[PDB]
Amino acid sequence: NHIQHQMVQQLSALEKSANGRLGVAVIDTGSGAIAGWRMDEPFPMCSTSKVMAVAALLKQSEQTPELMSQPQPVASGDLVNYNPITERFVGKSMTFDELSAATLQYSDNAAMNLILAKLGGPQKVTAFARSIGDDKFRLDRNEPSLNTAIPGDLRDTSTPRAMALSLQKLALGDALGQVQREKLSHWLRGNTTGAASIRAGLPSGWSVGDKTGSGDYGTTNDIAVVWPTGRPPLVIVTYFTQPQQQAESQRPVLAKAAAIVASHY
C-alpha cells in the first residue's frame, strides 16, 4: 500500500459521509505504485465479475480464434432479470463476440449466463482468475443470484487490490494475447453504463474503459482502466456497499472516489 496520508483521510471521510463501506485501489502503471482504502477486504463484485468471465472466454479463443464468431442460440429460457440485448435475439443466435459486447457494454445478464455455460460455469471463471495470479476472486453463482451482496457473505467477492491487479494484467499486461487484450480494452472503452461512476470524477479528455455493477445492499461498483493524457495508464477500482438490503445506489460516491485518486496523480 503506497497511499498517502492525505488520500486515506479523504477516502475515510467519503466513506463516513456516504454511510457505507468503500473499497478503493489505484495502480499507477508507470511506477507500479498501488494505493487505496480497505483494498484487501472482500466486496461483492456484482456485474464487475463479468470482466473476468469475458477474459476467460478470450483466453480460450487464443487457440480457437473462430470461437468468437460461432453462433450461439438464445432462448426465452435463458432470459433472467436484465436482458437488454439478448431479449431481442430469442429464437435466433448471437456470436460470442456479440455476447461479450452485450455483457460488458450493456451488462446483459443472460449474455453472462451464456458465457458461463460455454466456460463450464462460475467455478471455471474462478480457475481462470487463479491462472492469472488472482487468489481472491471467487465466482460461486450465476445470474442473477450472484448479486445478493449480503454483508459477511464471501460468495462472488473479490478485493479492490486483487481486482485492480487482474484488470491491469488483462487489459494492459500480457495475461491475454494481443488481439484479445485489445478487444477487451475496446469493449471496456465502449461501456454505456458508466457515465455517472468513475468517469464522472476524471478529466473529461482522458480515455477510460470501465465495467460497473450494482446489487442489493445498495452495492455500487466500478472498475476502470484510465489512459490520462501524456502519461502512463492508471487502474482504478471503486467498490461500495451499504448497511441495509434496500439501500439505494450511490454512483456519486464512486465519482468522488475517482476524483480523489485522480487528483493525487
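In case it trips you up, residue 1 is the first one in the sequence shown, and so on.
The mean C-alpha temperature factor is higher for 200 to 208 when 53 to 61 and 200 to 208 are set side by side. The deposited model assigns a higher average Cα B-factor to 75 to 83 than to the other stretch when 102 to 110 and 75 to 83 are compared. Ranking 120, 177, 160, 190 by Cα temperature factor from the entry places 177 first. Across the options 124, 92, 141, 138, the residue with the most elevated CA B-factor in the record is 92. When the modelled residues of the chain are ordered by C-alpha B-factor, residue 215 sits in the middle third. When the modelled residues of the chain are ordered by their C-alpha B factor, residue 226 lands in the highest third. In the deposited entry, the Cα temperature factor of residue 254 sits in the bottom third of values across the chain's modelled residues. The deposited CA B-factor of residue 45 belongs to the lowest third of values across its chain.
Annotation for residue 241: CA B-factor lies in the lowest third of the chain's modelled residues.
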